[PDB]
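Right, one structure below, let's go through it.
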Amino acid sequence: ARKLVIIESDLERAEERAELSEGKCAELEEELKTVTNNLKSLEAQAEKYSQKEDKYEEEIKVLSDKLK
Amino acid sequence: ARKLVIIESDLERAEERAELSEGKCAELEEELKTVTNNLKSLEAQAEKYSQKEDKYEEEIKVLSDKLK
Amino acid sequence: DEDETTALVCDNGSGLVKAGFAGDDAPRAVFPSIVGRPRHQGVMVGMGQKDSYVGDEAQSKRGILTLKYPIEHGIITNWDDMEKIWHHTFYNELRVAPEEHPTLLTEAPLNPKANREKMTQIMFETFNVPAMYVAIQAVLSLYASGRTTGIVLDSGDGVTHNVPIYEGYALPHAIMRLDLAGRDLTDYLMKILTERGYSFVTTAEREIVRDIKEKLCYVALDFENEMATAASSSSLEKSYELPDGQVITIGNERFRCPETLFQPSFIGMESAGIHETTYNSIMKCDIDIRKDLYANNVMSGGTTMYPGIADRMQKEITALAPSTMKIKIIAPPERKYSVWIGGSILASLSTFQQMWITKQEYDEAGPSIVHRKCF
Amino acid sequence: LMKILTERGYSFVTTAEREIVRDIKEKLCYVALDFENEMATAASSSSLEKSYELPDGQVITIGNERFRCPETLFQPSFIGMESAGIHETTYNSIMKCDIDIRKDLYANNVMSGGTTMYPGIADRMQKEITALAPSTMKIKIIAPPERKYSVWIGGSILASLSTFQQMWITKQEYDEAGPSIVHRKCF
Amino acid sequence: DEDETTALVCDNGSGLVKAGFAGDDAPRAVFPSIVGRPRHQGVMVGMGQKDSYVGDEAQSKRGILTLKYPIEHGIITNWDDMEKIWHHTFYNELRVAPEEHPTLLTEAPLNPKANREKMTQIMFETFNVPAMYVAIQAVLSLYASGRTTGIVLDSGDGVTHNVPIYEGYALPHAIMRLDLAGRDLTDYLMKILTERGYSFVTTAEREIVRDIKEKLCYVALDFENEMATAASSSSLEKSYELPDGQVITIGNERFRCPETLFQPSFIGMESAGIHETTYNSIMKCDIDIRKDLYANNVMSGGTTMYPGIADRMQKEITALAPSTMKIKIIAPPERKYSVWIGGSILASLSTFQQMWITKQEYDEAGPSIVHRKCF
Ligand SMILES: Nc1ncnc2c1ncn2[C@@H]1O[C@H](COP(=O)(O)OP(=O)(O)O)[C@@H](O)[C@H]1O
Ligand SMILES: Nc1ncnc2c1ncn2[C@@H]1O[C@H](COP(=O)(O)OP(=O)(O)O)[C@@H](O)[C@H]1O
Ligand SMILES: [Ca+2]
Ligand SMILES: [Ca+2]
């Protein structure tokens, strides 16, 4: 009978720690979803910017030749 | 005796999902910090690439005028 | 809203249907085009199966669905299913009756004459449609900018169309029809994945390929230089833990499939890259028409959102073609709805009366009334 | 059980006492969570030695005998067969179906039968299923509490259904299509 | 025989291994692919069990053998066993060393890239093989007749292959890979026998099914008409007194299982009958290529020896397909060794040098040397 009362004291402790973790875990997952969205977004722009400078330098090289 | 087993089982079930959640939550939290750092890093590079290709835009323009 | 019949706006393809309310700017309901059976026996009593499952209902639970494709470029294996596909759109979501408002549809260039009449028969005879019309995909994406001189390339899941529609339409051949879009890309990947062992067999997971594709996969700028880059494991190995439970490191698989676009030789055909077909539509027209065509090239279709699709065009077009004018391609950012933007217009035009078909007009000139008078 | 009890000397021979085994079983016997760790626990005489004074008159301390027999469930190798544990057969029924059917199957697994009332029968499933199988969906097994009558609950329904007429057999229907009438038409 | 290294000839599958001496025409030793354990405890001292039992040794005494299948389409659960399976072939029967003669193997189309290297590693590193190669099943059955224009369908126990290899190989997709051959047939019968009560459970008697199958069982010409024939007890009830001691009247069980071939719907898939896949490989290629394909269709594989396998093809192919050319299928009588006949050739070819791999060639281009250069 006494053990029936003691066993309950440990149950509530694990339930709260699990809920508290789930609360932050979901928040971190949501945050990650937002960050990863901008990550690939910036990566796409970075790749685009890299494509621009490559074409610019190529054209500039031609302009220099024609200038001379 | 049966009630004890029912609750005792719940403790094992609560403890299991708690250590599992906290374990992954901690791993996730640590991962977010790494991803966030990568975001800040990539964003910085993208900024340098953006300001660079823009400098070429005004450079390729002035050269086109001198060529003309 | 209330006064005046108020017409709807729609755009059906061979993969994704675009339809919303009336007088809108963009599609409100875009349900997938899928309809299969329960090869299995439904629970048979846990509903009298039937409904092959469709809309968000089917797409949500593919698992036990033998997705049967009805519309394959031109031929519709069965029309009976299409009847109950349209019985869901206007009612279940829009909550409006077609026996009250007109209707607008899209025309797949060079489609069997018998098809355009079979459809209209469903409307006029059963759904009682005194007013409707079926316009041409690309031309709609046009009338929505600020010039009467641009070449358009519209495509998605159906077939590719290189339509140099700017000042007018139809003269020698110029325009092109190529069965190589959307569904073709989804079908090619599974074949190439077999080299690594991965083999998405059934038609259900076949769709998962398309879903995964539009998130990370991109187009190869230059397959030669990117091949040597494979030595590194940073830009290649991409992470995508299957919602099921098995990571697929799509590294050299992302920029491998798109190469087929520029190299139709990998799909048993003599068709050249999309930059040759560009010449094929330019060399035909007059000589004093080119300088301004290069200055404006419309690229519509959500398919043209793959990273590395526009920057490649400037590399191949400037190669084997005149190079003393302004080479410029207009690739609208959200170019998937470019047809929908133009669709909302035609439905509101008044000159539209000069083009559309009236109830009685269908009986006087017979079924051919449509493409026997218009183009 | 009677076969394994012979190692300790106990040998319930005739088929009458064979039933007594089943009676005693459903009162204390339980399933081993992990036979490895529970074996070392045998050193102690608290969780092992169980009391059950035979209604006849001879105690049988079923300690390591309780969680020994159930092990056969997960290890059919102890009964001369190649069949794997019930967690492999689970995969055997999942790998066959379509690919886009799994994520929701794990989210729902019905376990019926009063046999699944042995302490340590459900908690083991989560350990073995999550091991060699996809692990990014909701692993969830529905083990109805009183799952023995789950068939009886559904039985009372069919007997009251009207659509049942579309399925059942009528007197004359048995003579027209012969004896095979039943499983020659239905499934 | 003596002079010149003289190469061997082999052809390993996922069910039956074909290997003989050198310069031969047909396999000299065809041992079964089985390797299990003594779940039981061997007598444990009445030999240190080990040897899962193999070759005529295991097949002779299945009884106390838990036949463990190592090679299941693509994935090999364990490679350690394969090492001692090949240590028996070259020595115990052939009595010749691979550290002296070259070696020839078969390639299962679309097999993980990692597998072709893992195998070669066993040869080059341990069995010291300065010269070997791994050719493609179907293509071998070809080069052995008298024409350079025929479509081949090769299969046995592994997986089905519809390879239209005649003038060349590989273009769009045409070719097909289907996990439905041999082992699949042996696995399906036991499931269907349960309807009558018979339930061959363990994997040992599972093999007995395959043994009994290849003696009386046949394919249904038309399941509809043959069902009404069941009323009679002459063409149905077949006699086969179990070598153990219990007759099994395989009447409607003989022509029931083969129906799955034409109806893959009975094994949870959308794949159509083998006569649809035929169209699937013909419709892809050019238009002016068909008339001669129908005039020649190679059907290889001992699986195609079931009574009622060829006559059905003429019924279904002539149905939904062009019908103004010569419909003709070449089904070689003994078509099981068609691959072995072609194998003895490649091993003797000199042009083979242009294709094979040399010791040093494996180190210069790394492990991928094989399928990174060839196809
Ligand atoms: N964000 C995106 N990025 C790249 N492709 C996309 C994106 N969204 C959708 N798609 C693709 O666009 C195609 C559908 O475009 P859509 O214009 O509806 O085609 P269609 O009208 O020919 O059916 C599909 O191949 C889909 O994967
Ligand atoms: N005489 C025969 N008639 C019909 N089937 C046969 C005959 N002899 C062998 N088989 C079958 O052929 C198959 C083995 O053929 P094989 O070419 O060795 O296959 P694989 O190479 O795919 O292992 C087995 O299914 C076997 O039962
Ligand atoms: Ca389209
Ligand atoms: Ca084979």
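By the numbers in Swiss-Prot, the shown part of chain A spans 166-233.
For all residues, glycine too, the Cβ spot is worked out from N, Cα and C.
Positions annotated as phosphoserine by Swiss-Prot, on the basis of similarity to another entry: A:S174, A:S186, A:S206.
Feature annotations (Swiss-Prot) mapped to structure.
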| residue | record | Cβ within 10 Å |
| --- | --- | --- |
| A:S174 | phosphoserine | 9 |
| A:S186 | phosphoserine | 22 |
| A:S206 | phosphoserine | 13 |
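The subset of modified residues A:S174, A:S186, A:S206 lying near chain D, with Cβ atoms under 8 Å apart, is empty. Put simply, A:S186 (phosphoserine) is 20 Å from A:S174 (phosphoserine) when counted between their Cα atoms. For the pair A:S186 (phosphoserine) and A:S206 (phosphoserine), the C-alpha distance works out to 30 angstrom. Listed modified residues A:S174, A:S186, A:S206 compared with chain B at a CB cut-off under 8 A give A:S186 as the close ones. DSSP assigns A:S206 (phosphoserine) to a helix.
Secondary structure from DSSP puts A:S186 (phosphoserine) in a helix.
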